[PDB]
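Contents: one structure, followed by commentary.
Chain letters run A, B, ... following the sequence lines, proteins first and then strands; every chain starts at 1. Because only heavy atoms are used, hydrogens play no part in the values below, and waters and symmetry mates are left out as well, while side chains stay in.
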Amino acid sequence: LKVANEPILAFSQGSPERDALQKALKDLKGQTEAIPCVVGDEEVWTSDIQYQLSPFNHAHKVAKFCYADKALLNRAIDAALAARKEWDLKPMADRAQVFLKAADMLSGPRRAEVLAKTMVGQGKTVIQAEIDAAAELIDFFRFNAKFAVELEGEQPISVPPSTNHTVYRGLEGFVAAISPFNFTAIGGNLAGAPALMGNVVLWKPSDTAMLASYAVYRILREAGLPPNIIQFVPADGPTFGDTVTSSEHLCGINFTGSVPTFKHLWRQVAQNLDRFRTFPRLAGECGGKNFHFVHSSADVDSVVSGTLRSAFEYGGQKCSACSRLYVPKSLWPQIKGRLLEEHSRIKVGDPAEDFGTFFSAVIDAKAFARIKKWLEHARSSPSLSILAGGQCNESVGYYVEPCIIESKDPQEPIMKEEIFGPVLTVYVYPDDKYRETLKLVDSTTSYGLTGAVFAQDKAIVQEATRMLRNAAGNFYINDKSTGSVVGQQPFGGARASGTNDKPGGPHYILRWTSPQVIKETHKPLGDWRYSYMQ
Amino acid sequence: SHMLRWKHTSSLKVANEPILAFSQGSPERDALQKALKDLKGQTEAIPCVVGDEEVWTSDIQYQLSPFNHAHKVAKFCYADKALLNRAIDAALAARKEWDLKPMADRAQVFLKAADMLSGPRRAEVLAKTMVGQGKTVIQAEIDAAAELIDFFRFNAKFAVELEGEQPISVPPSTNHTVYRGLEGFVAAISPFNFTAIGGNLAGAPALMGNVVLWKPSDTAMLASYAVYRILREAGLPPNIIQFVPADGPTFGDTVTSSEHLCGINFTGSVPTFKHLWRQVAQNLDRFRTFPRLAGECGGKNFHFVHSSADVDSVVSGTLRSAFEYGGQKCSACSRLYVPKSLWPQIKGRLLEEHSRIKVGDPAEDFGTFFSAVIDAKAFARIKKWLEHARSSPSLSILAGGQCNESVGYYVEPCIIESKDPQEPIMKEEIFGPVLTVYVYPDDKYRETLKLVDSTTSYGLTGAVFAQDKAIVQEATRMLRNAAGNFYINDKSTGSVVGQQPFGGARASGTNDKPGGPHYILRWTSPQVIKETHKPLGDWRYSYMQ
C-alpha cells in the first residue's frame with residue numbers, strides 16, 4: 001500500500017479551502033449540538049448532562065452531552081465484545097478500507113467541518129486546526145493502514161514439509177481509549193489504531209473536545225465502521241477508569257493525559273490482575289517539560305521565531321511545547337530584545353472572527369486557574385521576573401496573554417513542572433559553562449519528550465546530541481520542538497513522559513496485535529523414536 | 001550542510017542451525033560422550049559475577065543431577081541484596097558506552113558466541129544441559145545448541161536490519177530514528193527447562209544496548225554459567241550482563257526497589273509474574289521511567305483429534321509432545337481430545353507404544369526416551385496428581401502411574417482418561433509426564449471445540465489433527481485465541497526460531513513472540529532526530545495577513 005502525507009493547505013484569500021472554512025464556521029455560530037453516548041447504533045442519554053463551551057466565548061455552549069454511568073459502560077463492553085470476533089476475522093485490508101475512506105472524507109468534503117469544530121470547540125486557530133484535525137488525523141489513518149497492511153507481509157520461514165504463517169490477531173477483550181482535549185487527531189488515533197488491528201474499543205473522548213471528537217466518530221461510522229467496534233462513551237474520568245479496570249475483559253488502555261492519572265490506571269490494573277482473562281497492555285503519552293537549548297553559534301532569527309511558535313502556538317497547550325529556553329549570555333541582549341518586540345505583535349483573540357489571531361483562549365476554567373497560579377508564582381518567586389505579558393481575563397473567554405519570564409535559578413519549580421499554558425521561562429547561562437548547562441538540561445526535569453538545540457557548529461551539535469540522548473524522544477536540530485509529522489517524526493518519549501510507543505511510526509500498531517503463528521505440516525509424522533536411540 | 005551524518009546500514013544472512021544426528025561413530029556423538037565423561041563425578045563452583053569479579057556469599061546452594069541426585073553438579077551462591085545493588089550500580093555505569101556502540105558491533109558478540117556454541121562448545125553445553133537438567137541428547141541439542149544459537153543469530157539479524165527502518169524526510173529537513181537501549185537496567189529471570197531461554201532473556205536486551213542483571217534458574221545453573229562464560233569470551237564487555245543467581249523473592253524485591261529499573265524479562269510461573277507486576281506498580285512513583293514487563297508463563301495445551309485424522313501421526317506426535325523431557329515444557333500436550341470413532345485404534349496404539357518407552361539415565365543410555373523430572377518439588381507435585389488420579393472417580397489411569405525418587409526423580413509416563421472434561425487435571429498445569437484424554441462423541445465435535453477453548457485459563461499451544469480441509473478451517477477459526485502457537489497435523493511442542501515465533505496470550509503471558517522479528521522492539525526506546533537545514537521563517541503564517 002502506497003501513501004504520502006496530506007498536504008497542509010495555505011488558506012490564502014479567495015482559496016477554496018478558506019471559503020469552505022468560513023462557511024463551516026458560520027455553520028457553527030450560535031449552534032449547540034446534542035451529542036449522545038453511542039452504543040452500537042443506539043443513541044443513549046443519561047441524566048448526567050454536561051456542556052462543552054467555546055474557549056474564547058464561554059457563553060457559547062457548542063455541545064450538550066452526557067456522562068455514561070457504570071451500567072451503560074458495562075453494557076457498552078458487552079455489546080462490543082459480541083462484535084469483536086467477526087471484526088477480528090475480517091481481512092486486514094477490509095478493516096484498512098474503512099480508515100482509508102474516512103481519510104478521503106476528512107481530506108475533501110468533511111475538511112471544513114472538522115477544522116471548524118476544532119476551532120470553535122477547542123479554540124484552535126485555522127492553521128492549528130488544519131495540522132491537527134485534517135493533516136495529522138488523515139495521516140494517522142492512511143499511514144497506520146499502510147503499516148497494518150504491510151505487517152501481514154511480515155511472515156516467518158517455511159521449510160518443507162511445513163508451512164508457517166503469522167496471523168496478526170487483535171487483542172482478546174476490549175480496549176479503553178482515553179483521549180485529551182488538545183488534538184482532535186489524537187482521539188481518532190487512540191480509538192482508531194486499535195480498531196484497525198481488529199480490536200473493539202470504548203472511547204472516552206475529552207469533555208472539552210466533544211464536538212470535534214463526535215464529528216470524527218460519525219465520519220468513521222459513515223466510512224463503514226460497523227456497530228459496536230467503537231463505542232462513543234463520554235464519562236466522568238474516575239468512573240470510566242474504575243469501570244474499565246474492573247472488567248475481566250479489559251485487554252488494553254490507550255491513554256493520553258496526565259502522569260498521575262496514567263499511574264492511577266496502571267495501579268488499578270495491577271490491583272485487579274487476578275480478575276483479567278489476559279494481561280492488559282497499557283500505552284500512555286504523558287507530557288513533558290520541553291527545552292530549546294541555544295548555543296552562541298545559533299541563528300538568532302530562527303531561535304526567536306521557532307521559540308515563539310513552540311512556546312505559544314495553541315496557547316502552549318501541547319505535550320511538545322517549549323517551556324524552558326536556555327540562552328548563552330552573549331546572545332541574550334539580542335534574543336531578549338527580539339522576543340519582547342515580537343511579543344508585542346502577537347494577537348490573542350477570537351480565531352473564528354479574526355484570522356489575524358496568533359492564538360486564542362486556553363481550553364477551560366480549570367486550565368485558566370492553573371495557569372493563573374503559575375503567573376502568580378512568577379510574581380512571587382525571588383528568582384523569577386516577568387519580562388512581558390502575564391495578563392489574563394476570563395470575562396468573555398479564558399484568555400491568557402503569552403508570558404515570558406526570566407529565571408535566575410535553573411532548578412526553579414517553573415523550570416520543572418508542566419504548565420500547559422503560554423508561559424515561557426528563560427535561563428541565561430555563561431558562555432563558558434555551556435557543557436555544565438547541557439548537563440542541567442538533561443538532569444533538571446523528570447521528563448523526556450521533546451527538545452531542540454540551536455547551533456551552527458558541527459562539533460557542538462554532535463556533542464549536544466550525544467549528551468541529550470535520553471532528554472528527548474523527539475529531538476530537533478535547528479527547528480522548533482513542536483509539530484511532529486506522521487511518518488516523519490514518530491512521536492513520544494520516555495522518562496516520565498510515558499511508555500514511548502511512537503504513534504506516527506511503523507511499530508505503534510504492534511501494541512494492538514497479539515500474533516498467532518500457525519504451522520501446517522503436509523506429510524504424516526514418523527515414529528516417536530529418534531535414530532540416535534537405536 | 002548536514003551536521004549529523006548517518007551511515008548506511010548493512011544486512012545479515014543467517015539460517016537455522018542444523019540439527020545433528022548423533023549416529024554411532026559420528027564426531028558429534030564421540031564429542032558428546034567425552035563431554036559427558038568430563039562431568040562425571042564433577043562439581044563446579046560457580047560464583048556470582050559482577051563486572052569481571054567472581055563473588056561468593058554465605059548462601060551456598062547446590063544444583064543436583066535430576067537422574068542421580070547424589071551428584072551435585074554445581075555449587076553456587078545467592079547474591080545478597082548488597083551485591084545485587086552493587087551489580088545494578090556497576091551495570092548503570094557501563095550502560096551509556098554500551099548503548100552508544102554501533103548495533104553491528106553489539107551483534108558481533110552474539111554472532112561470535114553463536115559460532116562457539118555451534119562448533120567447539122557444542123558438546124559442552126549439551127552435556128551440561130543433559131547432566132544438570134536431565135535432558136536426553138536430542139532435547140539438549142534442540143535447546144542448548146539449535147535454539148540458543150538461532151536466538152543469537154536471528155536476533156542479531158533482526159536488530160541490524162531494524163536500523164534500516166527509517167522515517168520519511170522532506171525538505172528542508174532530515175529525519176533519523178535512533179534505536180536507543182532503555183535507560184536503566186533490565187532484570188532477566190530465567191526458568192530451568194530451556195538453557196536457550198536464559199540466553200535469550202538476558203542476551204536479547206543486551207543486544208539492544210541494555211544492561212542486565214541475570215538471575216538464572218537454580219536447577220539449570222551449570223549450563224547457564226557455561227552460556228554466560230561463552231558470551232564473555234565472545235567479547236561481551238564487563239557489567240553488561242551481571243551473573244547473579246539469587247533467592248527469587250529477594251531478587252524481585254531488590255530490582256523492583258531500584259529507581260533505575262526499566263524492564264523485567266521473565267519466564268516462569270503466573271503467580272510470580274503477577275507478583276513482580278504488582279511490585280512495579282507499588283513502586284511506580286520511584287522509577288525514572290515506566291518499566292517494561294515481559295512474561296511467558298506456561299500453558300495447559302491441547303491436541304484435538306477429528307475423525308479424519310491420521311492415526312499414526314496422532315499417536316507419535318502426542319507421545320512426543322506429552323512425554324519428551326518429561327512433559328516439562330510450557331508447550332507440552334497435557335490434554336488429548338479424541339472422537340469415539342477413533343478411540344479404539346488410538347487407545348490401542350498409545351498403550352502399545354507406551355510399553356516401549358524407556359525411562360532412565362540419558363548420559364549412560366542413549367536409548368532413553370526421557371529421564372527424571374527436574375527436582376524434589378516437581379516430583380512431589382506430580383506424585384500428588386498421580387494420587388488424585390487414583391482417588392478421583394472421574395479419572396482412570398490407563399498406563400504408567402508409578403514413580404520412584406530413591407536414585408533420581410523418576411516418573412513413568414502416565415496416560416489418564418477423564419470422563420469429565422472439566423476435571424481439575426484438565427485445567428491445571430502439572431509440568432510432568434501426565435497426559436489426560438477425554439473422549440467425545442463424533443457428532444459433538446463443535447461443542448467439544450468450544451470446550452477446548454473455554455476449559456483452561458491458558459492460551460499457549462495447541463494442535464488439530466484432521467485431513468478434512470473444511471474442518472481444519474473451522475477449527476482454526478474457533479481456536480484462534482486458544483493457542484498462540486497453533487499446529488495443524490503436527491505436535492504442539494518444538495517451535496523453531498524464525499519459523500514459529502513462540503508465545504501465547506490469556507494467562508500464558510504478554511506474548512512478545514521471542515523467535516520472531518518484533519521481540520527486540522520491547523527492549524528499545526526509539527528517539528527520532530529531525531535536523532533542519534534552512535533558517536526558519538517568520539512566526540506568522542501567510543493566511544494571517
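A distance of 5.5 Å separates CZ of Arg495(A) from CG of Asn470(A), quoted to the nearest 0.5 Å. Between the OG atom in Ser497(A) and the CZ atom in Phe491(A) there is a gap of 8.5 Å [rounded to 0.5 Å]. A distance of 10.0 Å separates CD in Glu53(B) from CD in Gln242(B), rounded to the nearest 0.5 Å. The structure places CH2 of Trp214(B) at 8.5 Å from CG of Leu201(B), a figure rounded to the nearest 0.5 Å. The distance from atom NE2 of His518(B) to atom OH of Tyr168(A), rounded to the nearest 0.5 Å, is 4.5 Å. Taken from CD in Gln61(B) to CD1 in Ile46(B), the straight-line distance is 12.5 Å, to the nearest 0.5 Å.
Side-chain contact between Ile477(A) and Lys530(B) is absent, with no heavy-atom pair separated by less than 4.5 Å. Counting heavy atoms from C-beta outward, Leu284(B) and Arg267(A) have side chains that approach closer than 4.5 Å. Using a 4.5 Å cut-off on side-chain heavy atoms (C-beta onward), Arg469(A) and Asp99(B) make contact. Counting heavy atoms from C-beta outward, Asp285(B) and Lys263(A) have side chains that approach closer than 4.5 Å. Looking at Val125(B) and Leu117(B), their side chains come closer than 4.5 Å, going by heavy atoms from C-beta outward. Contact annotation: the side chain of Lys215(B) never approaches that of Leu84(B) to less than 4.5 Å [non-hydrogen atoms, C-beta and beyond]. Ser484(A) has its side chain out of reach of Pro490(A): every pair of non-hydrogen atoms, C-beta onward, lies at least 4.5 Å apart. Inter-residue side-chain proximity for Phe76(B) and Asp218(B) is flagged as met; some heavy-atom pair is nearer than 4.5 Å.
Of the possible donor and acceptor atoms, one in the side chain of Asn474(A) sits under 3.5 Å from a partner among the backbone N and O of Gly492(A). No side-chain donor-acceptor contact under 3.5 Å links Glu259(B) to the backbone of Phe287(B). Checking side-chain atoms of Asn511(B) against main-chain N and O of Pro515(A) turns up a donor-acceptor pair under 3.5 Å. At least one donor-acceptor pair under 3.5 Å links the side chain of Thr450(A) to the backbone N or O of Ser320(A). Judged by distance alone, the side chain of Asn155(B) and the main-chain N or O of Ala204(B) form no donor-acceptor pair under 3.5 Å. Checked by atom type and distance alone, the side chain of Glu54(B) never pairs as donor or acceptor with a backbone atom of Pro47(B) at under 3.5 Å. Side-chain N or O atoms of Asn239(B) include one that pairs as donor or acceptor with a backbone N or O of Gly51(B) at under 3.5 Å. Put simply, the side chain of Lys289(A) never gets that close to the backbone of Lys416(A): no donor and acceptor are under 3.5 Å apart. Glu418(A) places no side-chain N or O within 3.5 Å of a backbone atom of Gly287(A) that could act as its donor or acceptor partner.
Using modelled atom types, one finds no donor on one side chain facing an acceptor on the other under 3.5 Å when comparing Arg229(B) with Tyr225(B). A donor-acceptor contact under 3.5 angstrom links the side chains of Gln133(B) and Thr195(B), judged on distance only. Counting only N and O atoms by type, the side chains of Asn16(B) and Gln499(B) include a donor and acceptor under 3.5 Å apart. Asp501(A) and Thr499(A) form a side-chain donor-acceptor contact under 3.5 Å, judged by distance and modelled atom types alone.
By the side chain to side chain donor-acceptor pair (under 3.5 Å) test, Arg169(A) pairs with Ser514(A), sequence neighbours left out. Residues forming a side chain to side chain donor-acceptor pair (under 3.5 Å) with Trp512(A) (at least two apart in sequence, or on another chain): none.
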(request) Dump the intermediate steps for side-chain hydrogen bond (donor to acceptor under 3.5 Å, both in side chains) on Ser118(B) and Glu17(B), then the final yes or no. (result) CA-CA 8 Å; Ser118(B) 173; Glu17(B) 180 75 8; 2.6 Å; yes
(request) Dump the intermediate steps for side-chain contact (heavy atoms from CB on, under 4.5 Å) on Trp98(B) and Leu236(B), then the final yes or no. (result) CA-CA 10 Å; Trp98(B) 175 248; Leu236(B) 193 73; 3.8 Å; yes
(request) Would you please test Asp253(B) and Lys81(B) for salt bridge (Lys or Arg N to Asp or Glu O under 4.0 Å) and show each step? (result) CA-CA 9 Å; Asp253(B) 293 356; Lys81(B) 299 186 82 180; 5.0 Å; no
(request) With side-chain contact (heavy atoms from CB on, under 4.5 Å) as the test, would you mind laying out the steps for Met208(B) and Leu162(B) before giving the verdict? (result) CA-CA 10 Å; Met208(B) 303 306 287; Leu162(B) 175 66; 3.8 Å; yes
(request) Verify side-chain contact (heavy atoms from CB on, under 4.5 Å) between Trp6(B) and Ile529(B), making sure each step is shown before the conclusion. (result) CA-CA 11 Å; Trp6(B) 303 112; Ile529(B) 298 178; 3.9 Å; yes
(message) Go through it in stages, so that I can follow the logic: the residues are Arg153(B) and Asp115(B), the test is salt bridge (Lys or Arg N to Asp or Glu O under 4.0 Å), and I'd like the CA-CA distance, side-chain angles, deciding distance and then a yes or no.
(response) CA-CA 9 Å; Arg153(B) 297 209 188 102; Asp115(B) 286 338; 3.2 Å; yes
(message) side-chain contact (heavy atoms from CB on, under 4.5 Å), that's the test. Do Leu282(A) and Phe290(B) meet it? Break it down for me.
(response) CA-CA 10 Å; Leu282(A) 269 60; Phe290(B) 294 94; over 6 Å; no
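Applying the salt bridge (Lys or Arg N to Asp or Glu O under 4.0 Å) test to pairs two or more places apart or on separate chains, none has a residue in residues 204-213 of chain B.
Residues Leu171(A) and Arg511(A) share a closest heavy-atom pair of CD1-O, 3.9 Å. Taking all atoms of both residues into account, the shortest heavy-atom contact from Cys319(A) to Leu449(A) is O-CD2, 3.3 Å. The two atoms that bring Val211(B) and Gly184(B) nearest to each other are CG2-O, 3.6 Å, heavy atoms only. Scanning both residues, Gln527(B) and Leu468(A), for their nearest heavy atoms gives NE2-O, 4.1 Å. Nearest heavy atom pair, residue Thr166(A) against residue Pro156(A), reads OG1-CD, 3.5 Å. What you find for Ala226(B) and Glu124(B) is that their closest heavy atoms are CB-OE2, 3.5 Å.
Ring planes of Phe243(B) and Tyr228(B): tilted class, angle from 30 to 60°. Taking the six-membered ring where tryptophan is involved, the planes of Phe273(B) and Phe266(B) are essentially parallel, since the angle between them stays under 30° and well short of 60°.
With respect to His260(B), the side-chain contact (heavy atoms from CB on, under 4.5 Å) criterion is satisfied by exactly one of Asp89(B), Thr289(B), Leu92(B), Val255(B): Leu92(B).
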